[PDB]
Amino acid sequence: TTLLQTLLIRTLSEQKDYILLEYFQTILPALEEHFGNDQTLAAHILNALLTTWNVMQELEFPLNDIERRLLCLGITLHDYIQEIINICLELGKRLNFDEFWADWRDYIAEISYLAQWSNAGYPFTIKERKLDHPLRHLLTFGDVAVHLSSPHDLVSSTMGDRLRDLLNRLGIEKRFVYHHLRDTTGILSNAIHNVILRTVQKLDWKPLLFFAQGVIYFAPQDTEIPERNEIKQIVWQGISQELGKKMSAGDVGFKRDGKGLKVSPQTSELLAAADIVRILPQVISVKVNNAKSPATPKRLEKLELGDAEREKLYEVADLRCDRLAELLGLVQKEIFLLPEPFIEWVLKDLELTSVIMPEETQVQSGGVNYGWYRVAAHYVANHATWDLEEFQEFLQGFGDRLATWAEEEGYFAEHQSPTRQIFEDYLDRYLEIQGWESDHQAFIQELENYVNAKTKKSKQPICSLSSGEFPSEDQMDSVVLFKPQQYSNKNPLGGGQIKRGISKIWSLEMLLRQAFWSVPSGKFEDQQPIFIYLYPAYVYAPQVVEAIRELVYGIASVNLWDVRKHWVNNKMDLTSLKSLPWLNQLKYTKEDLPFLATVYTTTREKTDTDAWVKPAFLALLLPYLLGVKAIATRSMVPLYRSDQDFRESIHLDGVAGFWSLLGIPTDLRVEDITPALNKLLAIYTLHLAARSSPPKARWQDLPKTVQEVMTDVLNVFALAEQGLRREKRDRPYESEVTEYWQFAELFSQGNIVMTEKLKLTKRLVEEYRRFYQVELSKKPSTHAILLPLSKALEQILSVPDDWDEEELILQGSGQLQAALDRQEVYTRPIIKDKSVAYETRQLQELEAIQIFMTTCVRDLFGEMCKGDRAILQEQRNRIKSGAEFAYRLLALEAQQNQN
Amino acid sequence: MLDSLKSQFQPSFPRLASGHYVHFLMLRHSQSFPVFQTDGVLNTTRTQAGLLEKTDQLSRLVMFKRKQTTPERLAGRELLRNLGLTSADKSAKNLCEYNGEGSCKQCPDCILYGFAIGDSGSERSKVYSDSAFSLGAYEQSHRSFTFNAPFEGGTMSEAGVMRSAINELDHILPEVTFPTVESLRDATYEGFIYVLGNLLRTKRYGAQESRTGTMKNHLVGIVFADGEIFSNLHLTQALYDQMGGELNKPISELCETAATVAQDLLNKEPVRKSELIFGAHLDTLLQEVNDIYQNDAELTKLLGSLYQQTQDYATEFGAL
Amino acid sequence: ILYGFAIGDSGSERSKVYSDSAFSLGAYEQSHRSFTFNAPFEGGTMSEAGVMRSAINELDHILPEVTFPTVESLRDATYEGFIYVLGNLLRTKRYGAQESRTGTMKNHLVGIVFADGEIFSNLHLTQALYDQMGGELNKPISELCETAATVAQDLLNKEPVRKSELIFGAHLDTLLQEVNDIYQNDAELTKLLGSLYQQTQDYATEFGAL
Amino acid sequence: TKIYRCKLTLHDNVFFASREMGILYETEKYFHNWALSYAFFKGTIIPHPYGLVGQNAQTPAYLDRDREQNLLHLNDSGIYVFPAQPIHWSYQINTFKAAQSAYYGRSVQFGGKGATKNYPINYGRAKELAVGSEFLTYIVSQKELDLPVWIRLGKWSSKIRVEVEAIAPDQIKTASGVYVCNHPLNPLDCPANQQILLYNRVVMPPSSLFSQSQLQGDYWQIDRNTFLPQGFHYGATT
DNA sequence: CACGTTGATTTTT
DNA sequence: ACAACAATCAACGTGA
């Protein structure tokens, strides 16, 4: 199957949708061959088919099983009467209509009538125009619903008016309704969308169309639109509980550093003060885990503890001291406001009231709180019989004692909730359900905050990822996915505000990315992450959004070695890629639907080219497999939308310059993608031949491989020879001789001097092959193949620079004649052929040697190499490599065409 | 020459920009293997080959504004330190440091090329400039050279194990030309001699300047105007088209064809122009500025006045 | 300190010797030859079991009397630092690949110019020297060193550079002897270069790597 | 009254520090109106003080009559630039550095000792708009206007060729109703007698633009497929 | 503002 | 025969 077939057939449920499954089994793979290569006609027909099928489910009588087939065929033909029944015959058989139903040629009159009156000698088989009624109104609904551009385009007059009078003529008593979310922040935007979906289905709404910022629904006519103040509290509880359980499990909101365990500002809001202290024994059992070099001996050394106490501790210095010291540290640092009510508790809820005086537990410098590492090491020395797991069973009970004790005394605050308030205001600016009241935004506050961003009357920095229209706070190593503390143009110049700002909205989003992508905090940028965003061609059907869920949660981590292997095999037909296992019934049904469908690369090498090789391939590939539109960028913030973005199928924001050197456009139409994939796989299959090692692709050298291919096209054969040298193989396969030549013809395609040099290197060898032919079956050496060209080049290089071209032609042809007469007679095509008189064999040999030598001295040396021996000496090696590949190609072409 | 041009310039540095531009038209010729890199490759961009309506695109080397302005700028600061107008010592009253809080607010570099401390002052660069482009294609204009770094005992092996210290690096070739316009707003006469000084006196650019990267700045004309004249890209695309792509020409034919292409362009651009110093008037102007930069008394005088003018601007209108 | 460093902790230091790629005064075609080299078995033949070794290849080598004009430049030296760098220029004699077998050269210092900034490129001195000879490059090394001296002084009078001292000819072949007298004297050299060590160690503790 | 269709071609790479994420600084794909308004009319109309010092050196003067670098001078000149639509674009991500002017350099951590203040120490990557780009804007004025055929924009004062045509009275027409603007439009410059019904937004300093909007009010159909809001002026919402 | 301090990630047939 | 590099480019906390 194709990847698009594979994803789509999962979304169906056979008990009463089998006819749409017959289409995906047979017409769909032919559809994306003819129509697959702005917008693509295969993705238009697929969304049109699916949307009419979803409209059909509402009809109060079931459409006949014969008529469902007419809809499925008619909706494919619609992009183009005896003068049209033949254009239906040609196109149907190309599209394998036969396999959907063999019967179709009977109904071709109807199938052509639904795709464009009088019968013209072709009478309709379907009983009466009461069956053409639902068919024609279904077909004309899909082919306008898929041309909407935003959820508002059904309340805006341009296409929405006709969608209502169509639905009325279909007798459905449902009504179009929408949601839209104008502001598009990543996972938080996806969560908001999927909570509105999960809410409105309880009103019996059913989504009909999906867009990058929203949904259109068929919803009943007698339903209340959900209240603004209610979907606010629902969507906050959704996001705050889903992130809540993640912080409670410890995979987000906590970070280890040198001053001990830290907690994110938002953890302090989303968990009550009593919750965090009950979770700490489990987060230390995840975040405090270095058994190779734990903190306690390092901390105790800088305490200078001495006094014959040191050995009581040091013989038990272990990870199980750290975990307790880190817990006591974070509770002291964040939970209790004055220390003395709590140092007196821990020193008696543990048995250390005597050994350690209250004030000697607070010793610190630079926040490192050395004193608790002494406390923990006494409790761990006294109970030294424990292992790590029976210790964690202690510390879980110690935390729950601390939690209960703190709240019976009331020693912790009901901390503020600022991210709820700014999130309720984020919803009030940027979320709309159809029939909500709306206000003009006060953009003055967004300017006023910028005008003061570098002035003392701004308390926290302005957001680095947005405009600063919502309250912001300093970036944290435990919140953001990258370095918090680098130079900012937004912070005042020469000020002490060295940390950048983040909006409280983007702070939840970075934490949702830690929680739901499972990426590092403050360190994800060093994985060189490039993000591919799979935007719609305006509209997706519900089955396509389910298909894109099965992709973005299930896609295989690409390895280019076997993508190479399955394309040099299959003779470079790019259609082979359609069938490969790109993934790992639906399996991701519990995950949220991707409204902004993001997939990302991770690299461990340090260069920009090492980052881009998989994203650039995937960003061409997914539009070629699924008809989606891809933008590849380094930005964790996604691109803000407009109708100008859609004017190309792919964008690649700032590819390593190998892209531009190859002359591939950094934005591509659907007509450009198969040229581009051919050039990208051609450069990968040449780089993985030379400048690679079998386990190490060395993508840091792809800029050296491209610059050589572009400078002079014969380097394609110089690299093929290096690959033969690494593989320790003495000659290319028959496949390699046409592969590396189709690559040279591909990279030369636009250039006059390269097409001239590639035509010259063939002509050069095709000329000496008139008088010399070593048979490749005898396993000859690279030198034996190049005997006349090596003796031509050595002549040009050895003579004084004063001597004429017409002297070189004579001296070198003498050396060719002298060399040929020392080889065995079977190698000499003109002399071995006894059919003609001896002086005429001599005369034909002499003029064949002369014309070859004239091409070497006139065209190879004089014109191409500028008549300069320095410029020839640099090329001697690649001219030789190019001529060996030319000789083997001319021989492979001869041994075929001689039949 | 210089005695006639003294009328054109401002008599002292103005507060507001007045729209007097003196434009230096140059060909920067590569002399030994410069490396204009960022991100580990020679910087390149796709461009149209020339102005005459081509379908034909061309990858050309780009020398960014930073890569040419900073080597000019820093060659001025070391001259001012050698004249003793500024100092490197943290205990001196005329300290200037290139980027931090310790930047001066008075010296010629700070007023002509600008500074930004924060609230304690900033000044806009009066030397305007553009990113320069190779006249020919990247495929014609570069070569890649291997480097290695063995043990001092002459061997890639030490103690029986190999060093990983080999790689390629990418270099521009010893005849590649980068057509350039540098432009100076609202300058005093001595401000023009300081900046024109930097253009003629600095000689190395790009990475590895300790070992490579000499360029010859051939000045081709000076043009006094009410406004911005044309871009480096537009001059380069005009110059390629005047040659029809026969890029293999000697330095003096390439400079004289740039002098007539500059005048062909200046006639079309809508700004009024007071003076057009080209040819034998430029070669006498260049001799008359070379004569300042070779004389200890004359140069200490002019640059002393520049200092005073910029110290006076600083105290009257500048950052005090 | 003088030639710089950039590996590991404790920072990086820029070379105070500024150098540039040098060019042959003549064309490649008049200035090189390709020589075959082979490697037999010690038994004096290219076979050890009847089979061939085939260990035969070409390499290109620059001919004798091929001349490379160049300017080495030294910034911000002490007097002892000048004696060290100038010592390297007079005391080195092998350059290319395969030092063990090849690549001796004769450095004739033709001038020393004290300066407020950079003078001409290597390529520019080469293109001036070729024009002054008219391309008639088969002239003896004494005439070639005397032609380089007059073109270097012509070019220096066209450079926007204050020139404090211009040591050429009879003053330079005085100075070259006064520096040979350092490098042939065990006490004088130890003292001078020992002072340099202190100067460079004090630079290191005051401004450099501490 | 007069309207000029101005198309902007980048003759070198343009950078604005629109957003920052770790080592990466990036440029939004729309040129903000107020940036282009000073690029066109600063020195010709709006004053251009070479120096700043004080609060005036880090506080904008966009719409403050008390300061010289106002965009309000242009309200009185009867001129208004709209923001810029990208017709064709590309990005280059290029590193930039701090110079080691001294012979000895130590790589210092930002915020470390000797590095405790916000300055461009170390290095960063700028996502610039590239030479391979073309943008479209409109200037509307009440007087024939001597527009400069070259402008400079952004963090590095980068050259743009402006090629400009006055849209003649034979091909514009004036109307009023509900219209889809389809050009970018700045919400701060929106007067009374315009109201914004729908918008799609591009979040950007100093203030967000609309990339697409539906408006109710007066307009000029300047060619058969674009509709430009009439009566916009700098800061009209204040 | 100026002193002090020192843990983390997961992997490219 | 055998290497394709090698390093460096904060993130807070606390007291005055």
# chains A, B, ... in the order shown; residues from 1 in each chain; ligands from 1

$ closest_atom_pairs --of "chain F" --to "chain D" --cutoff "8 Å" --atoms "only C-alpha atoms (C1' of nucleotides)" --output "tab-separated table"
residue	atom	partner	partner_atom	distance
F:8	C1'	D:107	CA	5.4
F:9	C1'	D:122	CA	5.5
F:10	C1'	D:109	CA	5.8

$ write_last_selection --atoms "N, CA, C and O atoms (P, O5', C5', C4', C3', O3' and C1' of nucleotides)" --output "mmCIF file, in the first residue's frame"
data_model
loop_
_atom_site.group_PDB
_atom_site.id
_atom_site.type_symbol
_atom_site.label_atom_id
_atom_site.label_comp_id
_atom_site.auth_asym_id
_atom_site.auth_seq_id
_atom_site.Cartn_x
_atom_site.Cartn_y
_atom_site.Cartn_z
ATOM 1 P P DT F 8 36.373 23.154 27.072
ATOM 2 O "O5'" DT F 8 35.778 24.581 26.596
ATOM 3 C "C5'" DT F 8 36.264 25.834 27.023
ATOM 4 C "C4'" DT F 8 35.516 26.998 26.359
ATOM 5 C "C3'" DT F 8 33.995 26.988 26.523
ATOM 6 O "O3'" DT F 8 33.570 27.623 27.718
ATOM 7 C "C1'" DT F 8 34.735 27.851 24.390
ATOM 8 P P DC F 9 32.059 27.464 28.291
ATOM 9 O "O5'" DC F 9 31.140 28.454 27.448
ATOM 10 C "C5'" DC F 9 31.139 29.822 27.758
ATOM 11 C "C4'" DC F 9 30.594 30.639 26.612
ATOM 12 C "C3'" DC F 9 29.124 30.448 26.315
ATOM 13 O "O3'" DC F 9 28.364 31.288 27.141
ATOM 14 C "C1'" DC F 9 30.460 30.668 24.330
ATOM 15 P P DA F 10 27.068 30.699 27.867
ATOM 16 O "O5'" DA F 10 26.805 31.849 28.964
ATOM 17 C "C5'" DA F 10 25.632 31.879 29.748
ATOM 18 C "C4'" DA F 10 25.362 30.594 30.532
ATOM 19 C "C3'" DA F 10 24.000 30.709 31.177
ATOM 20 O "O3'" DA F 10 23.393 29.441 31.119
ATOM 21 C "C1'" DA F 10 25.608 30.311 32.801
#

$ interface_residues --of "chain A" --to "chain D" --cutoff "8 Å" --atoms "only C-alpha atoms" --output "ChimeraX atom specification"
/A:182-183,440,443-444,446-447,450-452,454-455,464-467,482-489,491-498,525,635-636,640-642,644,653-655,666-667

$ write_last_selection --atoms "C-alpha atoms" --output "PDB file, in the first residue's frame"
ATOM      1  CA  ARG A 182      -6.888  33.194  16.275  1.00  0.00           C
ATOM      2  CA  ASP A 183      -3.511  32.904  18.079  1.00  0.00           C
ATOM      3  CA  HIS A 440     -12.304  45.298  19.734  1.00  0.00           C
ATOM      4  CA  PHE A 443      -3.826  47.119  21.291  1.00  0.00           C
ATOM      5  CA  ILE A 444      -2.711  50.279  23.175  1.00  0.00           C
ATOM      6  CA  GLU A 446       0.710  46.048  23.675  1.00  0.00           C
ATOM      7  CA  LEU A 447       2.376  49.304  22.527  1.00  0.00           C
ATOM      8  CA  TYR A 450       6.858  47.974  24.375  1.00  0.00           C
ATOM      9  CA  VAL A 451       7.442  51.742  24.886  1.00  0.00           C
ATOM     10  CA  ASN A 452       8.330  51.047  28.546  1.00  0.00           C
ATOM     11  CA  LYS A 454      13.634  49.299  28.640  1.00  0.00           C
ATOM     12  CA  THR A 455      12.450  51.923  31.191  1.00  0.00           C
ATOM     13  CA  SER A 464      11.146  37.404  23.727  1.00  0.00           C
ATOM     14  CA  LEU A 465       8.684  35.096  21.831  1.00  0.00           C
ATOM     15  CA  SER A 466       5.739  37.558  21.391  1.00  0.00           C
ATOM     16  CA  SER A 467       4.716  41.256  21.621  1.00  0.00           C
ATOM     17  CA  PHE A 482      16.735  26.711  25.495  1.00  0.00           C
ATOM     18  CA  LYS A 483      19.254  29.093  27.185  1.00  0.00           C
ATOM     19  CA  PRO A 484      17.402  31.680  29.426  1.00  0.00           C
ATOM     20  CA  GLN A 485      20.412  33.975  29.866  1.00  0.00           C
ATOM     21  CA  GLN A 486      21.877  35.214  26.589  1.00  0.00           C
ATOM     22  CA  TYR A 487      22.092  38.804  25.240  1.00  0.00           C
ATOM     23  CA  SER A 488      18.751  40.428  24.435  1.00  0.00           C
ATOM     24  CA  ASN A 489      17.859  43.341  22.202  1.00  0.00           C
ATOM     25  CA  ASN A 491      16.217  44.006  27.679  1.00  0.00           C
ATOM     26  CA  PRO A 492      17.950  47.404  28.317  1.00  0.00           C
ATOM     27  CA  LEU A 493      21.491  47.648  26.953  1.00  0.00           C
ATOM     28  CA  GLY A 494      24.151  47.637  29.679  1.00  0.00           C
ATOM     29  CA  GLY A 495      21.541  46.716  32.339  1.00  0.00           C
ATOM     30  CA  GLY A 496      21.777  43.899  34.910  1.00  0.00           C
ATOM     31  CA  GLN A 497      18.594  42.237  33.530  1.00  0.00           C
ATOM     32  CA  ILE A 498      20.478  39.471  31.704  1.00  0.00           C
ATOM     33  CA  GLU A 525      18.254  23.357  21.500  1.00  0.00           C
ATOM     34  CA  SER A 635      11.793  28.154  15.489  1.00  0.00           C
ATOM     35  CA  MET A 636       9.910  26.597  18.403  1.00  0.00           C
ATOM     36  CA  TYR A 640       1.779  33.298  11.858  1.00  0.00           C
ATOM     37  CA  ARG A 641      -0.614  32.526   8.958  1.00  0.00           C
ATOM     38  CA  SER A 642      -1.700  34.360   5.761  1.00  0.00           C
ATOM     39  CA  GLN A 644       0.659  34.313   0.977  1.00  0.00           C
ATOM     40  CA  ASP A 653      13.363  28.500   6.683  1.00  0.00           C
ATOM     41  CA  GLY A 654      17.153  28.819   6.539  1.00  0.00           C
ATOM     42  CA  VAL A 655      18.448  25.506   5.185  1.00  0.00           C
ATOM     43  CA  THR A 666      13.708  27.337  -0.565  1.00  0.00           C
ATOM     44  CA  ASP A 667       9.991  27.377  -1.400  1.00  0.00           C
TER      45      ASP A 667
END

$ atom_distance --atom1 "CA of residue 468 in chain A" --atom2 "CA of residue 186 in chain A"
17.7 Å

$ closest_residue --among "C:44, C:5, C:35, C:70" --to "residue 56 in chain C" --atoms "only C-alpha atoms"
C:35

$ closest_atom_pairs --of "chain E" --to "chain A" --cutoff "6 Å" --atoms "only C-alpha atoms (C1' of nucleotides)" --output "JSON lines"
{"residue": "E:4", "atom": "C1'", "partner": "A:366", "partner_atom": "CA", "distance": 4.1}
{"residue": "E:5", "atom": "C1'", "partner": "A:366", "partner_atom": "CA", "distance": 4.3}
{"residue": "E:6", "atom": "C1'", "partner": "A:258", "partner_atom": "CA", "distance": 4.5}
{"residue": "E:7", "atom": "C1'", "partner": "A:257", "partner_atom": "CA", "distance": 4.0}
{"residue": "E:13", "atom": "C1'", "partner": "A:561", "partner_atom": "CA", "distance": 5.0}

$ decode --residues "chain F" --atoms "N, CA and C atoms (P, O5', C5', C4', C3', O3' and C1' of nucleotides)" --output "mmCIF file, in the first residue's frame"
data_model
loop_
_atom_site.group_PDB
_atom_site.id
_atom_site.type_symbol
_atom_site.label_atom_id
_atom_site.label_comp_id
_atom_site.auth_asym_id
_atom_site.auth_seq_id
_atom_site.Cartn_x
_atom_site.Cartn_y
_atom_site.Cartn_z
ATOM 1 O "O5'" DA F 1 47.305 -1.300 4.204
ATOM 2 C "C5'" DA F 1 48.034 -0.078 4.252
ATOM 3 C "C4'" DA F 1 48.094 0.500 5.680
ATOM 4 C "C3'" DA F 1 46.720 0.864 6.254
ATOM 5 O "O3'" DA F 1 46.746 0.855 7.675
ATOM 6 C "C1'" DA F 1 47.950 2.808 5.770
ATOM 7 P P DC F 2 45.389 0.879 8.561
ATOM 8 O "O5'" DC F 2 45.060 2.448 8.787
ATOM 9 C "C5'" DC F 2 45.599 3.188 9.876
ATOM 10 C "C4'" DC F 2 45.279 4.690 9.827
ATOM 11 C "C3'" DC F 2 43.783 4.971 9.595
ATOM 12 O "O3'" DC F 2 43.224 5.972 10.435
ATOM 13 C "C1'" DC F 2 45.155 6.227 8.148
ATOM 14 P P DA F 3 42.750 5.650 11.951
ATOM 15 O "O5'" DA F 3 42.640 7.117 12.619
ATOM 16 C "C5'" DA F 3 41.662 8.026 12.152
ATOM 17 C "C4'" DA F 3 42.208 9.442 12.028
ATOM 18 C "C3'" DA F 3 41.110 10.345 11.500
ATOM 19 O "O3'" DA F 3 40.396 10.881 12.591
ATOM 20 C "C1'" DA F 3 43.154 10.628 10.274
ATOM 21 P P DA F 4 38.788 10.769 12.699
ATOM 22 O "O5'" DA F 4 38.349 11.922 11.658
ATOM 23 C "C5'" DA F 4 38.586 13.275 12.006
ATOM 24 C "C4'" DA F 4 38.301 14.297 10.921
ATOM 25 C "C3'" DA F 4 36.831 14.344 10.507
ATOM 26 O "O3'" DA F 4 36.278 15.621 10.796
ATOM 27 C "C1'" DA F 4 38.327 14.341 8.653
ATOM 28 P P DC F 5 35.108 15.756 11.906
ATOM 29 O "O5'" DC F 5 35.610 14.900 13.194
ATOM 30 C "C5'" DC F 5 36.116 15.486 14.384
ATOM 31 C "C4'" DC F 5 37.580 15.931 14.331
ATOM 32 C "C3'" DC F 5 38.022 16.506 15.667
ATOM 33 O "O3'" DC F 5 38.449 15.492 16.558
ATOM 34 C "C1'" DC F 5 38.992 17.662 13.759
ATOM 35 P P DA F 6 37.671 15.229 17.951
ATOM 36 O "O5'" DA F 6 38.113 16.529 18.810
ATOM 37 C "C5'" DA F 6 39.397 16.607 19.409
ATOM 38 C "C4'" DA F 6 39.803 18.053 19.698
ATOM 39 C "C3'" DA F 6 38.836 18.835 20.602
ATOM 40 O "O3'" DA F 6 39.067 18.577 21.992
ATOM 41 C "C1'" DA F 6 39.901 20.146 18.843
ATOM 42 P P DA F 7 37.994 18.924 23.170
ATOM 43 O "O5'" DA F 7 38.585 20.249 23.895
ATOM 44 C "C5'" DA F 7 38.603 21.526 23.284
ATOM 45 C "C4'" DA F 7 38.029 22.564 24.240
ATOM 46 C "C3'" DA F 7 36.523 22.381 24.452
ATOM 47 O "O3'" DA F 7 36.066 22.190 25.798
ATOM 48 C "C1'" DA F 7 37.071 24.372 23.159
ATOM 49 P P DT F 8 36.373 23.154 27.072
ATOM 50 O "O5'" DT F 8 35.778 24.581 26.596
ATOM 51 C "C5'" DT F 8 36.264 25.834 27.023
ATOM 52 C "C4'" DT F 8 35.516 26.998 26.359
ATOM 53 C "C3'" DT F 8 33.995 26.988 26.523
ATOM 54 O "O3'" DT F 8 33.570 27.623 27.718
ATOM 55 C "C1'" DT F 8 34.735 27.851 24.390
ATOM 56 P P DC F 9 32.059 27.464 28.291
ATOM 57 O "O5'" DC F 9 31.140 28.454 27.448
ATOM 58 C "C5'" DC F 9 31.139 29.822 27.758
ATOM 59 C "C4'" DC F 9 30.594 30.639 26.612
ATOM 60 C "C3'" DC F 9 29.124 30.448 26.315
ATOM 61 O "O3'" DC F 9 28.364 31.288 27.141
ATOM 62 C "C1'" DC F 9 30.460 30.668 24.330
ATOM 63 P P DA F 10 27.068 30.699 27.867
ATOM 64 O "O5'" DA F 10 26.805 31.849 28.964
ATOM 65 C "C5'" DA F 10 25.632 31.879 29.748
ATOM 66 C "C4'" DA F 10 25.362 30.594 30.532
ATOM 67 C "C3'" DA F 10 24.000 30.709 31.177
ATOM 68 O "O3'" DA F 10 23.393 29.441 31.119
ATOM 69 C "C1'" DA F 10 25.608 30.311 32.801
ATOM 70 P P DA F 11 21.797 29.286 30.932
ATOM 71 O "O5'" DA F 11 21.272 29.374 32.462
ATOM 72 C "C5'" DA F 11 21.125 28.210 33.256
ATOM 73 C "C4'" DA F 11 21.090 28.490 34.759
ATOM 74 C "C3'" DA F 11 20.020 29.494 35.160
ATOM 75 O "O3'" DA F 11 19.205 29.026 36.211
ATOM 76 C "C1'" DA F 11 22.136 29.919 36.204
ATOM 77 P P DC F 12 17.718 29.605 36.449
ATOM 78 O "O5'" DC F 12 17.940 31.071 37.075
ATOM 79 C "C5'" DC F 12 17.707 31.387 38.420
ATOM 80 C "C4'" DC F 12 18.827 30.885 39.312
ATOM 81 C "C3'" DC F 12 18.711 31.472 40.694
ATOM 82 O "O3'" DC F 12 17.724 30.832 41.476
ATOM 83 C "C1'" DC F 12 20.995 31.220 39.955
ATOM 84 P P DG F 13 17.050 31.588 42.734
ATOM 85 O "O5'" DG F 13 18.291 31.663 43.745
ATOM 86 C "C5'" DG F 13 18.835 30.495 44.332
ATOM 87 C "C4'" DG F 13 19.880 30.870 45.369
ATOM 88 C "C3'" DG F 13 19.271 31.860 46.336
ATOM 89 O "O3'" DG F 13 19.687 31.557 47.629
ATOM 90 C "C1'" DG F 13 21.123 32.770 45.378
ATOM 91 P P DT F 14 18.808 32.045 48.877
ATOM 92 O "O5'" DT F 14 19.702 33.028 49.734
ATOM 93 C "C5'" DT F 14 21.068 32.746 49.993
ATOM 94 C "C4'" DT F 14 21.842 34.047 50.128
ATOM 95 C "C3'" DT F 14 21.073 35.062 50.955
ATOM 96 O "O3'" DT F 14 21.660 35.120 52.240
ATOM 97 C "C1'" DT F 14 22.301 36.030 49.154
ATOM 98 P P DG F 15 21.065 36.084 53.373
ATOM 99 O "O5'" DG F 15 22.060 37.326 53.362
ATOM 100 C "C5'" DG F 15 23.448 37.105 53.403
ATOM 101 C "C4'" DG F 15 24.203 38.370 53.053
ATOM 102 C "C3'" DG F 15 23.773 39.617 53.822
ATOM 103 O "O3'" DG F 15 24.917 40.381 54.168
ATOM 104 C "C1'" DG F 15 23.636 40.034 51.529
ATOM 105 P P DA F 16 24.777 41.656 55.134
ATOM 106 O "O5'" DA F 16 24.961 42.902 54.152
ATOM 107 C "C5'" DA F 16 26.224 43.149 53.558
ATOM 108 C "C4'" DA F 16 26.170 44.369 52.657
ATOM 109 C "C3'" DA F 16 25.653 45.644 53.324
ATOM 110 O "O3'" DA F 16 26.455 46.754 52.942
ATOM 111 C "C1'" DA F 16 24.356 45.149 51.409
#
